[PDB]
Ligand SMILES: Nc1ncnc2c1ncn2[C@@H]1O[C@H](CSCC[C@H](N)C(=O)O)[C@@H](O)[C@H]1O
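First, one chain by itself: the form solved without the ligand, in structure tokens.
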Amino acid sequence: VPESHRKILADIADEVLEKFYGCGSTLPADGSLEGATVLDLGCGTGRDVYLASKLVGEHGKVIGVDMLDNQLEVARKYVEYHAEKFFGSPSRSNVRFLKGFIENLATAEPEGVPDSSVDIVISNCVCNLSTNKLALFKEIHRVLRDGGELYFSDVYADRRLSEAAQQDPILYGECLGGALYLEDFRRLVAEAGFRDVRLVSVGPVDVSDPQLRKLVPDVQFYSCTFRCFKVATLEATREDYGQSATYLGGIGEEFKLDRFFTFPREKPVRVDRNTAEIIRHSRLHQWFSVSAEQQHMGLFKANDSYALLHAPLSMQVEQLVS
């Protein structure tokens, strides 16, 4: 738990913390959250929705979605509580909780999530129990506005699991059985409309039970945090148009977009055009200066890890854990 969140969680209702299902949804840098609309898929009792509530401030909004009756009941009891806590009045809530399958946000209750209405979709470990990943990714793409991002953590595999592993109920409940191979994930999310997957962080996930490991003997599992922007002008490849981006300051000493691009305050950093377009069309533009496109210069190589930048996801992930 990041320090900047600790004081806010101390202010969140003990019943929300005590009954919360799962691990916290990871968030983009606090400063970038100001005024955003955030949607948490599988919000549980609302721990992350309330944390985001504060971080987005009074001009932001947070929406939580879940299908667990008891979780939501708890969530919905503390709306006034946290409005008082954060904003000073019980009537000043910027959160709402909706009941529904994450696969179809359009028909949640009391209301659905409309097209192009969300800046950030967050979630932690929801995909491998999803009933239909493609449909889930398509629904995320639908609700995001242009320049919005899916910023999420989940478990992935370095190879395709066997049928036997995919049928095992303990592997399934542990979010391993339903894990995609990293390249299959890349193709699936691209079919849903996310043409550029950026690796934020990765940790190893171990299967130590020797019985279960026999179903996935040499499989390496990872918990990966990815950010996938919805930006109309993204291409499948990372092309150089001679651009630089300069982080202007104001949401930290430096801005780390992903494991390839770190932007120190007031220093120009060469960027491929996808990265430029992400900065320009997303909410991040507020804190950046991005130079004009020149003539195409070929594949983007002005990065000290440009080889890995263009490589398959499995190589990026495997090398970042090293």
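Residue numbers here begin at 1 and follow the sequence given. We call the rigid core whatever largest set of C-alpha positions still superposes within 1.5 Å between the two forms.
If you look for the form deposited with the ligand bound, you will not find it shown, but the lines that follow are about it.
When the ligand is considered in the deposited complex, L68 lines it closely, a heavy atom lying within 4.5 Å. Taking non-hydrogen atoms only, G100 approaches the ligand to within 4.5 angstroms in the deposited complex. Though the partner is left out of this view, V126 does reach within 4.5 Å of the ligand in the deposited complex, counting heavy atoms only. Of the heavy atoms in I278, none are within 4.5 Å of the ligand in the deposited complex. Note on the interface: of 52-60, 269-277, 39-47, 283-291, the segment with non-hydrogen atoms within 4.5 angstroms of the ligand in the deposited complex is 39-47.
When the two forms are superposed on their rigid core between the shown form and the other one, the C-alpha shift of 2 Å or more among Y81, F221, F101, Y172 belongs solely to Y81. In the core-superposed comparison between the shown form and the other one, the C-alpha atom of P114 has shifted by less than 2 angstroms. With the core held fixed, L17 shows a CA shift of 2 Å or greater between the shown form and the other one. With a cut-off of 2 Å and the rigid core superposed, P90 has a Cα displacement that reaches or exceeds the cut-off between the shown form and the other one. Pairwise change in the deposited complex: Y156 and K19 C-alpha atoms lie closer than in the shown form, at least 3 Å. Cα of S25 to Cα of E139: at least 3 Å longer in the deposited complex than in the shown structure.
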